[PDB]
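Participant: Below are the structure tokens for one structure; questions will follow.
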Amino acid sequence: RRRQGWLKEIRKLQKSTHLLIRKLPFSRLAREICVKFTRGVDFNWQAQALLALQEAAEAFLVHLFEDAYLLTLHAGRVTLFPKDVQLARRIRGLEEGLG
Amino acid sequence: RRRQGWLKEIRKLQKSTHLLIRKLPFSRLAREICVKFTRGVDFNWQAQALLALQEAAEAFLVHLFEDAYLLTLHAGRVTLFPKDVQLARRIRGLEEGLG
Amino acid sequence: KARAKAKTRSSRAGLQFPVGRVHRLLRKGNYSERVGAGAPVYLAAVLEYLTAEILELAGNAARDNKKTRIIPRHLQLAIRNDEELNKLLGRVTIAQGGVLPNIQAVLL
Amino acid sequence: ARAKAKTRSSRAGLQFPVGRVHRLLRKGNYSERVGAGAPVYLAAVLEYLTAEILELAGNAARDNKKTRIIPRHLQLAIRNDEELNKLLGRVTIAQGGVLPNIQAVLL
Amino acid sequence: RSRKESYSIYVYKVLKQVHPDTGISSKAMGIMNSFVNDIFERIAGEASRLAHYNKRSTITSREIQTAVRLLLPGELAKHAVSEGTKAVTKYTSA
Amino acid sequence: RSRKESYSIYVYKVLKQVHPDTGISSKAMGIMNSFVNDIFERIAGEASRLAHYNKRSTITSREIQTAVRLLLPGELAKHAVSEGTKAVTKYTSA
Amino acid sequence: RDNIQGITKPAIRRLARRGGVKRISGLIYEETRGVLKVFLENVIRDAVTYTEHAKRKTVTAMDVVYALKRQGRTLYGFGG
Amino acid sequence: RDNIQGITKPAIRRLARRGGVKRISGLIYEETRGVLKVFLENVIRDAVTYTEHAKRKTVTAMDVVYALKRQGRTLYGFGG
DNA sequence: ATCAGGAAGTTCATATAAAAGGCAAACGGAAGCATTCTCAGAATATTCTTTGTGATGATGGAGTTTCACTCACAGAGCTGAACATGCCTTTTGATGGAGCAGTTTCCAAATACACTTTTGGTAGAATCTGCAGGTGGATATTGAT
DNA sequence: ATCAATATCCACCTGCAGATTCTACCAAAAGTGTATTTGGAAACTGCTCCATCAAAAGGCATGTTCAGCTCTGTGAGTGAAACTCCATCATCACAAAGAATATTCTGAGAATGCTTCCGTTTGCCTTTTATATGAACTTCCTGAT
């Protein structure tokens, strides 16, 4: 016997505000990608830039899954496949879509 | 014994540059929708504005059907339904989508 | 001589936003060469109206959420539950705002 | 007496008018004062992008056996090219048409 | 330390004439402070462009009126225009 | 009739050295004219906000360089920067 | 006969063939007329606003181009 | 262990639940890691460009906000 | 593996609309000199970002079962493209015409400018309170009879 | 249709983080004359959009059929959520520390202002050419065999 709890997890995550990616595995990913653009020079990051970029890199992904799950429900499925996300990034376009 | 002609029609229309809606049935639709915003005063249009607005209104619809037909082929269909256009105007957003 | 005392031109118009500061920002921001004297008066009234438009709905959401002080989620809800503020603040993400509590109806 | 006048376009070796770019940066109200190297830089960048698009459009005209570039050829040249499609992304080119692209499932 | 001015004491006065028993936190003060700086440069950038398309040198009240009417959507640019007009017609009568 | 000046005689000079045996029709000259007037108002607007974020009064070549590097994507920017640096070096020499 | 009914079935069919549509449902011919009216309402409102600010009664080409430019639909070919 | 493997499985699941997703395929944990990398590569490049023009070595919050603002992703709360 | 017949590509001639070319004028870009003034540079305080290092409990990684879900397939029934036929909305074009926008002069009221004085807004203190976690009872699901 | 467990909701206590309130003071906003200039107003012209009429034919509206679909249901098999557990990793505190950002004063090279003069750019007739169009030929591609 196993009860469903996806319905109790979506509701407790839609009424909270806090960030859902842990702070340090994002805080070294951003400093890794920042190396390739400064020609090996390590820039310093402020403590309010690694939050003001995580607040946008999660508000992109949550809205991306909200716009791809409409495509998943459109095809008769319920399971979210990568061919849904790759389509929802194409319909949005060059600007709003990729990147 | 009948034959297909849609594949000959798509190819002969995608290599043309002219306009597909006739000139006068659009030139009176635009002048009717103008009256709802000018408080009964009849504005003049130029002849280069009723083409400048038709060139935009058809390049909107062609790209809308190109974005909706991906949704049609996405659900396993071939036939373009209105529930595809109503979703391609929802994923695009508030600006690029509706209107 | 008998130099008369100052009336602020926020108070000559009855606003709450600073017409002097808005005039200086329109003049220093390089928007045009001259700035007419009715333009900061018009623009400060528009900004006061929109600020009241949002803080009223945010106060109603904070009252509905059994609280006193307005937090950023009480602005997120106030903006996204409204058809003409969601259209204005459309491509705007509001930090610590959360999302709307949406579940698709076919799942339930 | 004065010396012979030399244009800044021919001094920098460009083709776009550095004088007109300087006047349109002053009269446009972008900032208070405008330096002397900014129009020389900006005219060079505008000449480069125009020389890019007029070469892809020339190739698309030559591939269609025509010696004059029509807006169809600019639509083709911009949309077939990966980064000019990303620059001119949200741009409709009038009397331009679409790219020939039939979905391969339908064939 | 530089002076670092803002709209923080004015958003508070507008809050405490529509909800006299309600406070606002620091981060929701910052969000309402960034909202005003956004709509300010949005309306001023539209009215800098109306008066450049038409070969003018002055941002008058009329440019701010039609820039409000372009930017603000629907039944909100019907109230904001009246809120600005009833401020200008009582500024000039003083 | 007014002056009505544009970029139509400069786009043609660029065409006569990227393809020496190829003319261009009138509407496809108006499109290149509109393209130049759009890229100009884009690069100069980004340079004007760059000069205004840092409290400068001057749009030098450095703001135009860091506005090309923000607008133009990919290899197109890295070619345009080296196309402009060559021209301002040749200008400051002569 | 109404004016939106002048956007006929061959016109919507022929725009759909340019977009690449193979078979076209019978209910789409009112959905396309519903979308076109919403687009024309959003563009002609700003065309008339830019006209009225300049004190004219003639909507020139630059006013429609400026109405399209500020919605993110930059139109090349009519002066700009 | 690459650093993009620090965007773990339950964090992607936890973002998709806030997005409202009932069931999640297992192949999406690489598509999401490939979309997040492209979003960060487009925002970090413009933040670094705004830093290098100002002759600094510290990436403030204003640089990130100006990078997000110009891609049409205006961020409120960090100074604007 | 074989023919039929229209579809599409070749190719040469030809009008003709459209692009290239020549010539004047006005206007604006350049040379030159006098003047201001912004900003790169040097010296200095001070803020705040990084790295370590330890403590530690919070949470993700790994593996195994079970059942809701995706996918291919077949068959019934709807429906959309194809075809025949008439006829009616588009289109050209054409001149009259009259509402209208672009041009030119003049001047007056609104806008800047410079100086002095008051005054409100920000920064830095002391001080008061909303709320988040905690503890514990009433109540609205979720089975399983 | 009914009893236990449980998840939800709520009633209340309080520590403290954070909002509120209280003060020097400084920049900046406002009042007062001065001067300059932008733009609303009127006259006028020449451009240009609306309206109408005849026609003419081409494209659209309507009916009908049939074959290519959409939809629903079924069953096989795949695969994702639930569950346990513990050890790895992120969080926090913190003393310092030290690079790098922020502030301040200086003068010089770069930018502006003004005058003159001359060379570029655009506008309007004039030719000359590329491209649409026609018309027959030839291939060739698709349905049939």
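Ligands are numbered from 1 in the order shown, residues from 1 within each chain, and chains are lettered A, B, ... in the order they appear in the structure tokens.
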Give the superposed chain F as a compact mmCIF listing (two decimals) with N, CA, C and O atoms, in the first residue's frame, the fit being least squares on chain E over all ordered C-alpha pairs.
Facilitator:
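The resulting part23.txt:
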```
# COMPACT_ATOMS: atom_id res chain seq x y z
N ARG F 1 29.75 58.11 3.81
CA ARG F 1 28.69 57.45 3.06
C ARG F 1 28.04 58.46 2.13
O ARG F 1 27.91 59.64 2.46
N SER F 2 27.62 57.99 0.96
CA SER F 2 27.04 58.87 -0.05
C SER F 2 25.61 59.26 0.34
O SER F 2 25.13 59.00 1.44
N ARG F 3 24.91 59.91 -0.59
CA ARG F 3 23.57 60.40 -0.29
C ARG F 3 22.57 59.26 -0.26
O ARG F 3 21.92 59.02 0.76
N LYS F 4 22.44 58.54 -1.38
CA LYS F 4 21.61 57.34 -1.54
C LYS F 4 20.14 57.63 -1.24
O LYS F 4 19.58 57.26 -0.20
N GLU F 5 19.54 58.40 -2.14
CA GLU F 5 18.17 58.85 -2.02
C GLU F 5 17.24 58.04 -2.91
O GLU F 5 17.65 57.51 -3.95
N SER F 6 15.97 57.95 -2.50
CA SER F 6 15.02 57.01 -3.09
C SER F 6 13.60 57.44 -2.72
O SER F 6 13.38 58.56 -2.23
N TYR F 7 12.62 56.56 -2.96
CA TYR F 7 11.20 56.85 -2.79
C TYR F 7 10.58 56.17 -1.57
O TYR F 7 9.36 56.00 -1.49
N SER F 8 11.42 55.80 -0.60
CA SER F 8 10.96 54.97 0.50
C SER F 8 10.11 55.73 1.51
O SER F 8 9.32 55.11 2.22
N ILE F 9 10.27 57.05 1.60
CA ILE F 9 9.47 57.81 2.55
C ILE F 9 8.26 58.44 1.90
O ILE F 9 7.51 59.14 2.57
N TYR F 10 8.04 58.20 0.61
CA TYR F 10 6.84 58.64 -0.07
C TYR F 10 5.89 57.49 -0.33
O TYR F 10 4.67 57.67 -0.21
N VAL F 11 6.43 56.32 -0.67
CA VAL F 11 5.61 55.11 -0.75
C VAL F 11 4.96 54.81 0.60
O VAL F 11 3.79 54.40 0.66
N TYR F 12 5.66 55.09 1.69
CA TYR F 12 5.09 54.88 3.02
C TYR F 12 3.98 55.87 3.33
O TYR F 12 3.01 55.50 3.99
N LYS F 13 4.10 57.12 2.86
CA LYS F 13 3.02 58.08 3.07
C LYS F 13 1.79 57.73 2.27
O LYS F 13 0.67 58.02 2.70
N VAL F 14 1.96 57.14 1.09
CA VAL F 14 0.81 56.64 0.34
C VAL F 14 0.18 55.45 1.05
O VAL F 14 -1.06 55.30 1.08
N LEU F 15 1.01 54.59 1.64
CA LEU F 15 0.50 53.44 2.39
C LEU F 15 -0.28 53.86 3.61
O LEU F 15 -1.34 53.29 3.90
N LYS F 16 0.16 54.90 4.30
CA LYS F 16 -0.55 55.38 5.48
C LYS F 16 -1.79 56.18 5.15
O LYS F 16 -2.32 56.85 6.05
N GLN F 17 -2.28 56.18 3.92
CA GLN F 17 -3.61 56.70 3.66
C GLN F 17 -4.42 55.79 2.75
O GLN F 17 -5.59 56.08 2.51
N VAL F 18 -3.84 54.72 2.22
CA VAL F 18 -4.65 53.65 1.66
C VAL F 18 -4.95 52.54 2.68
O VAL F 18 -5.98 51.86 2.54
N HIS F 19 -4.11 52.35 3.69
CA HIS F 19 -4.38 51.43 4.79
C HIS F 19 -3.74 52.03 6.02
O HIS F 19 -2.52 51.91 6.22
N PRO F 20 -4.52 52.70 6.88
CA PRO F 20 -3.92 53.45 7.99
C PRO F 20 -3.33 52.60 9.10
O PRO F 20 -2.61 53.14 9.94
N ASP F 21 -3.58 51.29 9.12
CA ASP F 21 -3.08 50.42 10.17
C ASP F 21 -2.26 49.26 9.60
O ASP F 21 -2.42 48.12 10.03
N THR F 22 -1.38 49.54 8.64
CA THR F 22 -0.62 48.51 7.96
C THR F 22 0.76 49.04 7.62
O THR F 22 0.88 49.99 6.84
N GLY F 23 1.80 48.44 8.19
CA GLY F 23 3.17 48.77 7.85
C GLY F 23 3.64 47.96 6.67
O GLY F 23 2.86 47.30 5.99
N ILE F 24 4.95 48.00 6.42
CA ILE F 24 5.51 47.33 5.26
C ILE F 24 6.96 46.97 5.56
O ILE F 24 7.70 47.74 6.18
N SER F 25 7.36 45.76 5.17
CA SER F 25 8.69 45.28 5.51
C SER F 25 9.72 45.90 4.59
O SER F 25 9.40 46.60 3.63
N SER F 26 11.00 45.63 4.86
CA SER F 26 12.06 46.36 4.19
C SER F 26 12.25 45.90 2.75
O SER F 26 12.45 46.73 1.85
N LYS F 27 12.19 44.60 2.51
CA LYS F 27 12.34 44.10 1.15
C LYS F 27 11.13 44.44 0.30
O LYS F 27 11.29 44.76 -0.88
N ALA F 28 9.94 44.44 0.89
CA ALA F 28 8.78 44.91 0.17
C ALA F 28 8.68 46.42 0.13
O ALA F 28 7.71 46.93 -0.43
N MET F 29 9.61 47.14 0.74
CA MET F 29 9.75 48.55 0.39
C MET F 29 10.74 48.74 -0.75
O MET F 29 10.51 49.58 -1.63
N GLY F 30 11.82 47.96 -0.77
CA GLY F 30 12.73 47.94 -1.90
C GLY F 30 12.09 47.53 -3.21
O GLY F 30 12.48 48.04 -4.26
N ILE F 31 11.10 46.65 -3.16
CA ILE F 31 10.37 46.29 -4.37
C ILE F 31 9.53 47.44 -4.88
O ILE F 31 9.51 47.70 -6.09
N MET F 32 8.84 48.18 -4.01
CA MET F 32 8.08 49.34 -4.47
C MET F 32 8.98 50.48 -4.95
O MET F 32 8.61 51.19 -5.89
N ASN F 33 10.14 50.64 -4.33
CA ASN F 33 11.15 51.57 -4.82
C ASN F 33 11.61 51.23 -6.23
O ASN F 33 11.69 52.12 -7.09
N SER F 34 11.94 49.97 -6.49
CA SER F 34 12.32 49.53 -7.82
C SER F 34 11.19 49.65 -8.82
O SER F 34 11.45 49.97 -9.99
N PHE F 35 9.96 49.42 -8.39
CA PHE F 35 8.80 49.59 -9.25
C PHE F 35 8.61 51.04 -9.68
O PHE F 35 8.32 51.30 -10.85
N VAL F 36 8.78 51.98 -8.75
CA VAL F 36 8.64 53.39 -9.11
C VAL F 36 9.78 53.82 -10.01
O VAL F 36 9.56 54.52 -11.01
N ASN F 37 11.01 53.38 -9.73
CA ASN F 37 12.13 53.71 -10.61
C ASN F 37 12.04 53.06 -11.97
O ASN F 37 12.72 53.51 -12.89
N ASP F 38 11.25 52.00 -12.13
CA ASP F 38 11.02 51.40 -13.43
C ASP F 38 9.90 52.07 -14.22
O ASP F 38 10.06 52.32 -15.41
N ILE F 39 8.79 52.39 -13.57
CA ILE F 39 7.70 53.08 -14.25
C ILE F 39 8.10 54.51 -14.61
O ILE F 39 7.69 55.02 -15.66
N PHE F 40 8.97 55.13 -13.82
CA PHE F 40 9.47 56.46 -14.16
C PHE F 40 10.31 56.42 -15.42
O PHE F 40 10.08 57.21 -16.34
N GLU F 41 11.29 55.52 -15.49
CA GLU F 41 12.15 55.36 -16.66
C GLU F 41 11.42 54.81 -17.86
O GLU F 41 11.97 54.85 -18.96
N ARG F 42 10.23 54.26 -17.68
CA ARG F 42 9.42 53.83 -18.80
C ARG F 42 8.58 54.97 -19.38
O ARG F 42 8.62 55.21 -20.60
N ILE F 43 7.87 55.72 -18.53
CA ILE F 43 7.03 56.83 -18.98
C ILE F 43 7.88 57.97 -19.53
O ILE F 43 7.55 58.55 -20.57
N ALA F 44 8.99 58.28 -18.88
CA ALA F 44 9.84 59.35 -19.38
C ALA F 44 10.56 58.98 -20.66
O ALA F 44 10.77 59.85 -21.50
N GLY F 45 10.88 57.71 -20.87
CA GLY F 45 11.48 57.29 -22.13
C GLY F 45 10.51 57.34 -23.29
O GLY F 45 10.86 57.79 -24.39
N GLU F 46 9.27 56.91 -23.05
CA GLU F 46 8.26 57.03 -24.10
C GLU F 46 7.91 58.48 -24.40
O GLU F 46 7.73 58.84 -25.57
N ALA F 47 7.86 59.35 -23.39
CA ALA F 47 7.65 60.77 -23.66
C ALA F 47 8.82 61.40 -24.38
O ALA F 47 8.61 62.30 -25.19
N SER F 48 10.04 60.94 -24.12
CA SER F 48 11.18 61.45 -24.85
C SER F 48 11.19 61.03 -26.31
O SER F 48 11.64 61.80 -27.15
N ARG F 49 10.72 59.83 -26.63
CA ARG F 49 10.59 59.50 -28.04
C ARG F 49 9.41 60.20 -28.70
O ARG F 49 9.47 60.49 -29.90
N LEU F 50 8.34 60.48 -27.96
CA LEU F 50 7.25 61.28 -28.50
C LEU F 50 7.66 62.72 -28.78
O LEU F 50 7.18 63.33 -29.73
N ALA F 51 8.52 63.29 -27.95
CA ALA F 51 8.98 64.64 -28.19
C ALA F 51 10.01 64.70 -29.30
O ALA F 51 10.29 65.78 -29.80
N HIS F 52 10.57 63.56 -29.68
CA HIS F 52 11.62 63.49 -30.69
C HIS F 52 11.11 63.05 -32.05
O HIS F 52 11.77 63.30 -33.05
N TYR F 53 9.95 62.40 -32.10
CA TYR F 53 9.31 62.11 -33.38
C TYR F 53 8.70 63.34 -34.02
O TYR F 53 8.52 63.35 -35.24
N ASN F 54 8.36 64.35 -33.24
CA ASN F 54 7.64 65.52 -33.73
C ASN F 54 8.50 66.77 -33.74
O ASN F 54 7.96 67.87 -33.88
N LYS F 55 9.81 66.61 -33.54
CA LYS F 55 10.80 67.68 -33.58
C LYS F 55 10.53 68.74 -32.52
O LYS F 55 10.62 69.94 -32.78
N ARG F 56 10.19 68.31 -31.31
CA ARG F 56 10.04 69.20 -30.18
C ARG F 56 11.27 69.15 -29.29
O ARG F 56 12.02 68.18 -29.28
N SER F 57 11.47 70.22 -28.54
CA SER F 57 12.52 70.30 -27.54
C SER F 57 11.99 70.17 -26.13
O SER F 57 12.77 70.19 -25.19
N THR F 58 10.68 70.06 -25.96
CA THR F 58 10.07 70.21 -24.65
C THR F 58 9.21 68.99 -24.36
O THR F 58 8.40 68.59 -25.20
N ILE F 59 9.39 68.41 -23.19
CA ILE F 59 8.47 67.42 -22.65
C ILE F 59 7.50 68.17 -21.75
O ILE F 59 7.81 68.45 -20.59
N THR F 60 6.35 68.54 -22.29
CA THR F 60 5.29 69.16 -21.51
C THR F 60 4.42 68.09 -20.89
O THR F 60 4.77 66.92 -20.86
N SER F 61 3.26 68.48 -20.37
CA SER F 61 2.34 67.50 -19.82
C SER F 61 1.66 66.68 -20.90
O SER F 61 1.18 65.59 -20.61
N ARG F 62 1.63 67.17 -22.13
CA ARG F 62 0.93 66.49 -23.20
C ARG F 62 1.65 65.22 -23.62
O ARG F 62 1.00 64.21 -23.91
N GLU F 63 2.99 65.23 -23.62
CA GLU F 63 3.74 64.01 -23.89
C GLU F 63 3.62 63.01 -22.76
O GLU F 63 3.58 61.81 -23.02
N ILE F 64 3.53 63.46 -21.51
CA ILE F 64 3.33 62.53 -20.41
C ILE F 64 1.94 61.91 -20.48
O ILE F 64 1.76 60.74 -20.16
N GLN F 65 0.95 62.67 -20.94
CA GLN F 65 -0.39 62.11 -21.10
C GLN F 65 -0.43 61.08 -22.21
O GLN F 65 -0.96 59.98 -22.02
N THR F 66 0.15 61.39 -23.36
CA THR F 66 0.16 60.42 -24.44
C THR F 66 1.24 59.36 -24.29
O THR F 66 1.40 58.54 -25.19
N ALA F 67 2.01 59.37 -23.20
CA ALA F 67 2.83 58.22 -22.86
C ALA F 67 2.20 57.33 -21.81
O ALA F 67 2.40 56.11 -21.86
N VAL F 68 1.44 57.90 -20.87
CA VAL F 68 0.59 57.10 -19.99
C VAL F 68 -0.44 56.33 -20.81
O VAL F 68 -0.63 55.13 -20.60
N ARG F 69 -1.06 56.99 -21.79
CA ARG F 69 -2.06 56.31 -22.61
C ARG F 69 -1.49 55.26 -23.54
O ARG F 69 -2.26 54.50 -24.13
N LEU F 70 -0.17 55.19 -23.70
CA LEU F 70 0.44 54.11 -24.47
C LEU F 70 0.96 53.00 -23.58
O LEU F 70 0.87 51.83 -23.95
N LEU F 71 1.52 53.33 -22.42
CA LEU F 71 2.05 52.28 -21.56
C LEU F 71 0.97 51.57 -20.76
O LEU F 71 0.88 50.34 -20.81
N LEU F 72 0.15 52.32 -20.00
CA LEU F 72 -0.71 51.65 -19.04
C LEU F 72 -1.91 51.01 -19.74
O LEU F 72 -2.51 51.63 -20.62
N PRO F 73 -2.25 49.77 -19.41
CA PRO F 73 -3.30 49.08 -20.17
C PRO F 73 -4.70 49.24 -19.61
O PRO F 73 -4.89 49.23 -18.39
N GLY F 74 -5.68 49.40 -20.48
CA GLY F 74 -7.06 49.18 -20.08
C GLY F 74 -7.64 50.34 -19.30
O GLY F 74 -7.49 51.50 -19.67
N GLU F 75 -8.33 50.01 -18.20
CA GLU F 75 -8.93 51.02 -17.34
C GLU F 75 -7.92 51.70 -16.45
O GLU F 75 -8.21 52.77 -15.90
N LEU F 76 -6.74 51.11 -16.29
CA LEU F 76 -5.68 51.69 -15.49
C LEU F 76 -5.18 53.01 -16.08
O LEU F 76 -4.99 53.97 -15.33
N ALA F 77 -5.05 53.09 -17.40
CA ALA F 77 -4.74 54.34 -18.06
C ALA F 77 -5.80 55.42 -18.01
O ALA F 77 -5.46 56.59 -17.81
N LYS F 78 -7.06 55.04 -18.15
CA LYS F 78 -8.16 55.99 -18.11
C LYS F 78 -8.44 56.51 -16.70
O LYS F 78 -9.05 57.57 -16.52
N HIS F 79 -7.95 55.80 -15.69
CA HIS F 79 -7.95 56.33 -14.33
C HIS F 79 -6.72 57.19 -14.13
O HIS F 79 -6.83 58.23 -13.47
N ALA F 80 -5.56 56.80 -14.65
CA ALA F 80 -4.35 57.58 -14.43
C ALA F 80 -4.36 58.93 -15.14
O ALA F 80 -3.81 59.90 -14.60
N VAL F 81 -5.00 59.01 -16.31
CA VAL F 81 -5.12 60.28 -17.01
C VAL F 81 -5.97 61.26 -16.22
O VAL F 81 -5.60 62.43 -16.05
N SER F 82 -7.11 60.81 -15.70
CA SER F 82 -7.94 61.67 -14.88
C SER F 82 -7.34 61.93 -13.51
O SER F 82 -7.75 62.89 -12.85
N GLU F 83 -6.41 61.10 -13.06
CA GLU F 83 -5.68 61.41 -11.84
C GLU F 83 -4.63 62.49 -12.07
O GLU F 83 -4.35 63.28 -11.16
N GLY F 84 -4.06 62.56 -13.26
CA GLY F 84 -3.07 63.58 -13.53
C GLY F 84 -3.62 64.92 -13.97
O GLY F 84 -3.05 65.96 -13.66
N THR F 85 -4.72 64.89 -14.73
CA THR F 85 -5.33 66.13 -15.20
C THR F 85 -5.87 66.97 -14.05
O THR F 85 -5.70 68.19 -14.04
N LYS F 86 -6.47 66.32 -13.05
CA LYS F 86 -6.86 66.95 -11.80
C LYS F 86 -5.69 67.63 -11.09
O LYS F 86 -5.83 68.77 -10.64
N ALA F 87 -4.53 66.98 -11.04
CA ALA F 87 -3.39 67.56 -10.35
C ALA F 87 -2.77 68.72 -11.10
O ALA F 87 -2.38 69.71 -10.47
N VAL F 88 -2.67 68.66 -12.43
CA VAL F 88 -2.14 69.83 -13.13
C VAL F 88 -3.13 70.98 -13.20
O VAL F 88 -2.71 72.14 -13.26
N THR F 89 -4.44 70.70 -13.13
CA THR F 89 -5.40 71.79 -13.00
C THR F 89 -5.28 72.46 -11.64
O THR F 89 -5.26 73.70 -11.56
N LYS F 90 -5.17 71.67 -10.58
CA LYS F 90 -4.95 72.24 -9.25
C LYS F 90 -3.61 72.96 -9.14
O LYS F 90 -3.50 73.93 -8.39
N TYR F 91 -2.60 72.55 -9.91
CA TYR F 91 -1.33 73.26 -9.90
C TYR F 91 -1.44 74.60 -10.62
O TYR F 91 -0.96 75.61 -10.11
N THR F 92 -2.04 74.62 -11.81
CA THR F 92 -2.15 75.88 -12.55
C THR F 92 -3.13 76.85 -11.91
O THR F 92 -3.06 78.05 -12.19
N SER F 93 -4.06 76.36 -11.08
CA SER F 93 -4.92 77.29 -10.35
C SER F 93 -4.14 78.02 -9.27
O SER F 93 -4.02 79.25 -9.31
N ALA F 94 -3.58 77.29 -8.32
CA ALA F 94 -2.81 77.90 -7.24
C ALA F 94 -1.41 78.27 -7.70
O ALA F 94 -0.59 78.71 -6.90
```
Participant: Would you give me, as a PDB file with C-alpha atoms, in the first residue's frame, the residues in region 11-94 of chain A that DSSP reads as strand (DSSP E or B)?
Facilitator:
```
ATOM      1  CA  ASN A  44      34.967  38.295  -7.072  1.00  0.00           C
ATOM      2  CA  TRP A  45      31.227  37.921  -6.695  1.00  0.00           C
ATOM      3  CA  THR A  79       4.562  12.336 -17.737  1.00  0.00           C
ATOM      4  CA  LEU A  80       6.842  15.285 -18.552  1.00  0.00           C
TER       5      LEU A  80
END
```
Participant: With a cut-off of 10 Å and counting only C-alpha atoms, select all residues of chain C in contact with chain D and give the selection as a PyMOL selection string.
Facilitator: chain C and resi 28-33
Participant: At a cut-off of 7 Å, list the chain D residues touching chain B, using only C-alpha atoms, as a list in words.
Facilitator: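 Taken together, these residues fit the definition: residues 72, 94, 95, 96, 97, 98, 99 and 100 of chain D.
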Participant: Those residues you just picked out, can you put them in a file as a PDB file, in the first residue's frame with C-alpha atoms?
Facilitator:
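Result saved to out27.pdb:
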```pdb
ATOM      1  CA  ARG D  72      13.105  38.181 -50.825  1.00  0.00           C
ATOM      2  CA  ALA D  94       8.190  43.501 -45.773  1.00  0.00           C
ATOM      3  CA  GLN D  95       7.501  41.701 -49.071  1.00  0.00           C
ATOM      4  CA  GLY D  96       9.791  39.003 -47.779  1.00  0.00           C
ATOM      5  CA  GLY D  97       7.932  35.716 -47.542  1.00  0.00           C
ATOM      6  CA  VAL D  98       8.971  32.699 -45.500  1.00  0.00           C
ATOM      7  CA  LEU D  99      11.602  30.015 -45.756  1.00  0.00           C
ATOM      8  CA  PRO D 100      10.700  26.816 -47.591  1.00  0.00           C
TER       9      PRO D 100
END
```
Participant: Mind pulling up the distance from CA of residue 84 (chain D) to CA of residue 49 (chain D)?
Facilitator: 9.3 Å
Participant: For a quick check of understanding, using only C-alpha atoms (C1' of nucleotides), which of I:139, I:117, I:127, I:11 has the smallest distance to chain C?
Facilitator: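 Looking only at the distances to chain C, the closest residue turns out to be I:117.
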Participant: Given a cut-off of 8 Å, which residues of chain G touch chain B, counting only C-alpha atoms, written out as a ChimeraX atom specification?
Facilitator: /G:3-4,6-7,11,14-25,27-28,31,35-36,38-42,44-45,48,57-62,64-65,71-73,75,78
Participant: What does the distance from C1' of residue 103 (chain I) to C1' of residue 26 (chain I) come to in Å, to one decimal?
Facilitator: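 Answer for the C1' of residue 103 (chain I) to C1' of residue 26 (chain I) separation: 17.6 Å.
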Participant: Give as a PyMOL selection string every residue of chain C that touches chain B within 10 Å, counting only C-alpha atoms.
Facilitator: chain C and resi 86-88+90-91
Participant: Once you count only C-alpha atoms, which residues of chain G turn out to be within 8 Å of chain E? Could you give them as a VMD selection string?
Facilitator: chain G and resid 46 49 53 to 54
